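J.: just the structure for this:
(chains A, B, C, D, E, F and G)
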Amino acid sequence: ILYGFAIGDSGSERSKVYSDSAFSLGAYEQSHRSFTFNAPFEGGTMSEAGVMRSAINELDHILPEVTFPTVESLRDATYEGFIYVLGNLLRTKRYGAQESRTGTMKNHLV
Amino acid sequence: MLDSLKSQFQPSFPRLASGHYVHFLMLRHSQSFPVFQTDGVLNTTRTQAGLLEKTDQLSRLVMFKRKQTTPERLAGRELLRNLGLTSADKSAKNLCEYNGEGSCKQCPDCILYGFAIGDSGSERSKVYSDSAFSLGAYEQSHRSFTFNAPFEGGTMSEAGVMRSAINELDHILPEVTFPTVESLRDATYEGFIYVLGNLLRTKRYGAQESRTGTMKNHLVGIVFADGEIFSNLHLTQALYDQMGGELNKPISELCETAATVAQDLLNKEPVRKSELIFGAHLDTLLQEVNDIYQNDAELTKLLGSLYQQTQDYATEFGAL
Amino acid sequence: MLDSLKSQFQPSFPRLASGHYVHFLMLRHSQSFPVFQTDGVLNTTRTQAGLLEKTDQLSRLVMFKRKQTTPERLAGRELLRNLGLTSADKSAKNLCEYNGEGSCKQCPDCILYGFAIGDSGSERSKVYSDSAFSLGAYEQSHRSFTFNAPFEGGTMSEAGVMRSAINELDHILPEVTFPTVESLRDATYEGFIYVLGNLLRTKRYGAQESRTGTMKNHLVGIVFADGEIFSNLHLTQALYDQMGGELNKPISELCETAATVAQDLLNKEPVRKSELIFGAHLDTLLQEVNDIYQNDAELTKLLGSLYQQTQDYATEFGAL
Amino acid sequence: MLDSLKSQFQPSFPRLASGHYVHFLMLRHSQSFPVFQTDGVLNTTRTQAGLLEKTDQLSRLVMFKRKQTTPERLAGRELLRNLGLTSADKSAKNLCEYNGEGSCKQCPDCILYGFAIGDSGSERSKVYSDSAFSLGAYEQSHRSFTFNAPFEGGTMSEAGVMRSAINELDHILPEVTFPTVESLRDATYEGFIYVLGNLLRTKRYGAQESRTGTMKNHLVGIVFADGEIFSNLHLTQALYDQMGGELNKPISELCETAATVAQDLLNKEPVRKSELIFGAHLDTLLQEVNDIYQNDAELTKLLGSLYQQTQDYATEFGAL
Amino acid sequence: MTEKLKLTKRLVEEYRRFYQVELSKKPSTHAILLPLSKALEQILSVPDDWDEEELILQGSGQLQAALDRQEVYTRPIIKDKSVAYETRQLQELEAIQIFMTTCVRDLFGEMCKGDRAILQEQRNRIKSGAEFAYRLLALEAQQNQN
Amino acid sequence: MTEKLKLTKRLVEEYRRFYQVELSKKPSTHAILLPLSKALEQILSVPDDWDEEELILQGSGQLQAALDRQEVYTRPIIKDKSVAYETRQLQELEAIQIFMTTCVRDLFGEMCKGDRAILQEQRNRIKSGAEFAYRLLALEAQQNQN
RNA sequence: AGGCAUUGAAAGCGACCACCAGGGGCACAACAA
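T.: Numbering: from 1, shown residues only, chains lettered A, B, ... in the order given. Next comes the structure:
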């Protein structure tokens, strides 16, 4: 009822919670690096049983201390709906791809 | 420029027309998605592609007959109301109901574009007009757009059930050109500035005027003449043949091609022509007609005179 | 060309006919949605499709009996008023009221196209005309369009009360052709130039001239003869047979075919044919006639001369 | 500023209009990746890049007709419901279904933006838009993004089968500019503050409002006139022309170029122009309208009045 | 030959041969005419310069890759446990190719004259007749089985 | 037939000459389309600010590198004949290069107008055509004797 | 600094809606001489 749904014969309901895309305050060249990652055979080397299995590539990751200013909004709520939505903003921390390894953030409400 | 042309017009409206036609030759360019329809589809018709060389059959859109006079009238009537010459209030002595029994019988719209219902009789339009055809073929000149209408909840199923608010409609693309020749039979100089006013000042055409169908009317010539010149379809076909069918060209080049075909077509008409206003003489004419319509004292002097001329016609020859 | 044709004609109008027919063979092409009606529907009739081969019945549109002579007649009267040979103001010695007493009984319209109202007798039209038929069937040759008339506030309700103004009308499509012979008996050479002028200088035909019904008259032959050639239905059925009904051909190929079927038919008519103007001799003669109708001095001289001839006729044999 | 403009407007809505247009001329800058789609692809059309120079073809995105009126319109209805002037509950006497038989006939939305189905007739909009075009080429104003919708387990499998919720969608980029004119016919001063309020106060456009389509409407001018000015396409072509085909320049510079182009174009339109609000007069006018919408007492007084003005229109001229 | 008219019952029975839903489930119009909606969408969506024989393999692949996005309850060929799965697939892919060629030649090519504008104006009408024809055929099966 | 039937056929017969999963394994869409997916991905992943002939030579090496990760039973041009390494490797390279000539100079360059925008909105449909055409060919090649 | 190794499987949408009301003649002329 707050964030919405659409598949089914029962209906659909639009989100009461509104977002934009957020943008980095600093420029791209000052706020990223690309990092090599490799995946050896667990015998500890890239030789799988005499010949190399290829599993090395690089991926581009944002640095820490990079700020995305954002304004979320909630419409036609109840007080307990606000306590849920402000709660989710305060309580969640894992944003990006590879949650299991990265993309912890801190949302400062200003 | 206009100081010369006052000599060619009638000094007041005549009982019957004596062959003093002014023709307005123009290109109506689409600006944004007009809908020219009857019976729920875009009106389109099969035609020869062009007069002599391109002789294949070709479906083209039709701006059917009234859809390019009605915007002219309704923009003119609104100006008669701004200037206070006519009025909308059902108590007033100078009331004009459009297209109804309570129509005026003596204002400039009524004498120049005509009326028919009620005891006082009818008057045929001094403005003569025709259906206009898309210069290009229908298949490259239209697109179909779907539309829906959700409940204000931002859904198609606020009631728990779907709205049935979804269907599609066909719209004419931008940069599509409809060549047209409007005509004015036995007007005064002030009537000429009123009718030329509408052609230059009206902007909206077809269905959904409040959302769509802005157009850019480029007047390419004015021709003073002893009779009626070519049909819209003949100008459309002559211009397609002149363009060799490669219609993907700038609007300004299409307008000089339109001027230079139109003069060659005028050379083949059994009509005496007194003033063929084209090119640099038309630019200075239209810049002089603009500085009437931009000036409060000049426009109110001129159209008030039309009112009296048209009132006089009504009380001497017309509906009384 | 016209300098040789001058011989064929008589020097002044005679009181009784003397043979001397000139037959104007035409194809009339629609250009913009004509309405040819009586009694609220397009006039249509069942006929055999073509003379010898395609002998099945077929319904074709009828451009009925007056619809192809009043446009001609009224366009010529407008010219007589532009040239100043007649006037439309009451208290003028050269008045000609159309369809009343106070018709002039001396002008070229009164003599060539006839009169019959009031005292001082009646005059048979020297222009002989006929109902023309569409070369194609009614089903391939018309469409129904809907017409609305909303209130000027832009909608079909004026106080929440609806407006009862939606009907539909049937209109003949563009590029549909109506074969014709119109015929002139006992004309002088200037009388021939006047009648031919009307055929080339007219452009509108049906109901709602103010908005619709532009047509393109291609004169395909002029034939000098002692009396009437084949019927209008007969030229149509001959032309349909010559194509086998494959009628979707460009208008030039259709006019060039009509010239050849017309010459085939003329060779089966019991009529001495003095002169047969077709093809390169006709598109020279049409050019020599365009040169008259584009020149004020030639045209005022030529129709002024007719005026005298028709006025002479009036005082010697007619109503004076 | 507004204390002077109260004189330009009507004292109550008129039966038929009178040529008292006010035009709002604005640049709509994209933020947060908008979607303007109809058949599952972003809407684009081929157009001429400029007017005099830069005649070459350019495909540009189109914010198709309704997608710029209905975001404005719905933000107005919400304010009417915050102030309690209209209601959403089915037991209330001032209920207003948005789209349905169930509509109000009397609120500011219904009389300004119009209504259509019902027994009580219909009402044409007094606020007029048309489709608005990207100043830049489509190739340099869009990007397609993949989206997926996995299971909460953080995977595309729930039973070891794949869920198949993958697709890509075409998005308009930020800092893409659509030049626009909305125009208003015969409104009152309070109706002007309602629709201008909507232009300024509504931020989200097109599809997927809850996640994208926030826009910066920079109002560039407000022009009071005797008729309608240039199209959206003509303003985009003129502004690309003046910007030299190098649109990749600051947002404030693009706004000042638009103020300069708008005034250059206005001088070529055959309309009287009573008031032209540009530069410092617009920045001051906007600030005191921004003050009206920030003070609860003034906004409740002004919009309460508009309600009455529209209930009076409805009971005197509308659906009763 | 006659195929310029009278298409609609064969068009629906040719997809009813590989996709179904029972009216006892009280289904949506969207669940009844699902195969024809994918076929008409593919014909109208892909560029208008492509001609018939490339559309059939694309439109069939759009429909095989969309019925495998649904429950075997809806597939009265893949649901026949009496047959080995590769021979269910040989029947499935020949049913889809035979339906979808009737949608690209008989429907679009012949009945709509190969014109996307003619097809587009009358799409909703074509679809409606297939929904009713599906119900009409569903009401035949309960007659022949009783 | 030629102007798109041969294009839409040869688009898969030119990868069947160098890449084949045998269908009885019931393989994935992702496993069948492995050449076309990496060809269309390589074409979209760079702008047209450098030429189609640079795109073939960089792309053909990338596709030959991805098939150096495939198991040899998937490469019929090495599996299905017994001939010297340098000659079976040369025919495998010319089958990979010629497949990349059609894929750039006909599929992208003519059929997709030479334009990345009309290709990108079309990938799912040209993939579903190529998916369907591969099974339509492979199961015909297997089963036409039955 | 060396050899090596620049990825890999899968997924490619899913549901629903394809319109809604209301208008469908209005005025007069039926002979003129």
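J.: what's the spacing between the closest residue to residue E:86 other than its chain neighbours and residue E:68?
T.: Once flanking residues are discounted, residue E:86 sits nearest to residue F:24: 6.4 Å by C-beta to C-beta, 6 or more residues apart in numbering or on different chains. To be clear about C-beta, it is placed using only N, CA and C from the backbone, and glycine gets the same treatment. With distances taken as C-beta to C-beta, to the nearest Å, residue F:24 is found 18 Å from residue E:68.
J.: and chain E, which residues reach chain B?
T.: By C-beta under 8 Å from any C-beta of the partner chain, the part of chain E that sits against chain B consists of E:117, E:120-121, E:124.
J.: tell me which residue in chain A sits closest to chain B.
T.: In chain A, the residue that lies nearest chain B is residue A:14 (3.6 Å; C-beta to the nearest C-beta).
J.: quick one: contacts for residue A:33?
T.: Residues in contact with residue A:33 (C-beta atoms under 8 Å, 6 or more residues apart in numbering or on different chains) are A:60-61, A:63.
J.: sorry, back to before: closest one of the residues of chain E next to chain B to residue A:2?
T.: Of all those, residue A:2 sits closest to residue E:124, with 35.7 Å by C-beta to C-beta.
J.: residue E:66 touches residue E:39, doesn't it?
T.: No. Applying C-beta atoms under 8 Å as the test, residue E:66 and residue E:39 come out as separate, 10.4 Å apart.
J.: so for the two, which sits in the more crowded spot?
T.: residue E:39 (27 against 16; other C-beta atoms under 10 Å in any protein chain shown).
J.: the strand or helix carrying the more buried one near chain A at all?
T.: Residue E:39 is part of helix E:34-45, with elements assigned from DSSP states H and E. No. Figure legend: helix E:34-45 not in contact with chain A (C-beta under 8 Å from any C-beta); closest approach 14.0 Å.
J.: what's in contact with that helix?
T.: By C-beta under 8 Å, 6+ apart, helix E:34-45 touches D:39-40, E:11-12, E:15, E:18-19, E:30, E:55, E:58-59, E:62-63, E:66-67, E:99-100, E:103-104, E:107-108, E:116, E:119-120, E:123, E:126-127, E:130, F:125.
J.: can you say which of the residues you listed are buried?
T.: Applying 16 or more other C-beta atoms under 10 Å in any protein chain shown to the contacts of helix E:34-45, the neighbour count classes E:11-12, E:15, E:18-19, E:55, E:58-59, E:62-63, E:66-67, E:99-100, E:103-104, E:107-108, E:119-120, E:123, E:126-127, E:130, F:125 as buried.
J.: strands along chain A, start to end?
T.: A:17-18, A:32-38, A:56-62, A:73-74 (DSSP state E).
J.: which strands and helices sit next to the last one?
T.: Meaning strand A:73-74. strand A:17-18, helix A:79-91 (3 or more C-beta pairs under 8 Å, 6 or more residues apart in numbering or on different chains; DSSP states H and E).
J.: and the last one with chain D, contact?
T.: No. Between helix A:79-91 and chain D, judged by C-beta under 8 Å from any C-beta, nothing touches; the nearest distance is 13.1 Å.
J.: now that helix, how far from the centre of its chain.
T.: Centre-to-centre, helix A:79-91 and its host chain are 19 Å apart (C-alpha atoms, centre = their mean, to the nearest Å).
J.: which helices and strands sit right next to it?
T.: strand A:73-74.
J.: contact partners of the strand it packs on?
T.: For strand A:73-74, the external contacting residues (C-beta under 8 Å, 6+ apart) are A:2, A:16-19, A:81-82, A:85.
J.: at 10 Å instead, please
T.: For strand A:73-74, contacts defined as C-beta atoms under 10 Å, 6 or more residues apart in numbering or on different chains pick out A:2, A:15-20, A:81-82, A:84-86, A:89, D:204, D:210.
J.: just stretch E:79-88 next, same as before
T.: Residues from elsewhere that reach stretch E:79-88, judged by C-beta under 10 Å, 6+ apart: E:20, E:71-73, E:75, E:77-78, E:89-92, F:23-24, F:26, F:139, F:142-143, F:146.
J.: recalculate using a threshold of 8 Å.
T.: E:72-73, E:77-78, E:91, F:23-24, F:26, F:139.
J.: format the residues of chain E next to chain B as TSV; extra columns: distance to chain F.
T.: Converted to TSV, the residues of chain E next to chain B look like this (distance: C-beta to the nearest C-beta, whole Å):
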residue	distance to chain F
E:117	20
E:120	18
E:121	23
E:124	23
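J.: out of the residues you listed, which is most surrounded?
T.: That'd be residue E:117 among the residues of chain E next to chain B, by other C-beta under 10 Å, with 20 neighbours.
J.: could you look up the SS state of that one?
T.: Recorded secondary structure, residue E:117: helix (DSSP: H, G, I helix; E, B strand; the rest coil).
J.: how close does it sit to residue B:173?
T.: 13 Å.
J.: can you list the residues of chain A near chain F?
T.: Those residues of chain A that sit near chain F, judged by C-beta under 8 Å from any C-beta, are residue A:54.
J.: ah, wrong one, I meant chain E
T.: Residues of chain E lying near chain F (C-beta under 8 Å from any C-beta): E:42, E:45-47, E:50-51, E:53-54, E:57-58, E:60-62, E:64-65, E:85-86, E:89-90, E:93, E:97.
J.: what's the PyMOL syntax to select whichever of these are buried?
T.: Filtering the residues of chain E next to chain F down to the buried ones (16+ other C-beta under 10 Å) takes a single PyMOL command:
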select buried, chain E and resi 42+45+46+50+53+54+57+58+60+61+62+64+65+89+90+93+97
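J.: so which of the residues of chain E next to chain F sit within helices?
T.: E:42, E:45, E:53-54, E:57-58, E:60-62, E:64-65, E:85-86, E:89-90, E:93, E:97 (DSSP state H).
J.: one step back: identify, from the contacts of stretch E:79-88, the entry nearest to RNA strand G.
T.: residue F:26 (9.9 Å; C-beta to the nearest atom of the strand).
J.: residues in contact with whichever residue of chain A sits closest to chain C?
T.: At 31.4 Å from chain C, residue A:14 is the closest residue in chain A, using C-beta to the nearest C-beta. By C-beta under 8 Å, 6+ apart, the contact set of residue A:14 is A:4, B:153-155, D:209-210.
J.: what about it, distance to residue B:153?
T.: Distance of residue A:14 to residue B:153, computed by C-beta to C-beta: 7 Å.
J.: give the contact list for residue 71.
T.: No chain specified, so I'll use chain A. residue A:20.
J.: could you single out the nearest of the residues of chain E next to chain B to chain C?
T.: residue E:121 (15.9 Å).
J.: contact partners for the closest one?
T.: B:41, B:170.
J.: also the one 5 residues further on?
T.: Listed by C-beta under 8 Å, 6+ apart, the contact set of residue E:126 reads E:8, E:36, E:40, E:107.
J.: will you turn the strands of chain A into TSV that also has distance to residue F:134?
T.: As requested, the strands of chain A are exported to TSV (distance: least, C-beta to C-beta, whole Å):
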stretch	distance to residue F:134
strand A:17-18	44
strand A:32-38	33
strand A:56-62	28
strand A:73-74	49
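J.: so which of these is nearest residue F:4?
T.: So among those, strand A:56-62 is nearest, using C-beta to C-beta, at 36.9 Å.
J.: how about residues contacting the closest one?
T.: Around strand A:56-62, the neighbours that count as contacts under C-beta under 8 Å, 6+ apart are A:24, A:31-39, A:46, A:96, A:102.
J.: max pairwise distance over those: which two?
T.: Taking C-beta to C-beta, no two of these sit farther apart than A:24 and A:46, at 35.5 Å.
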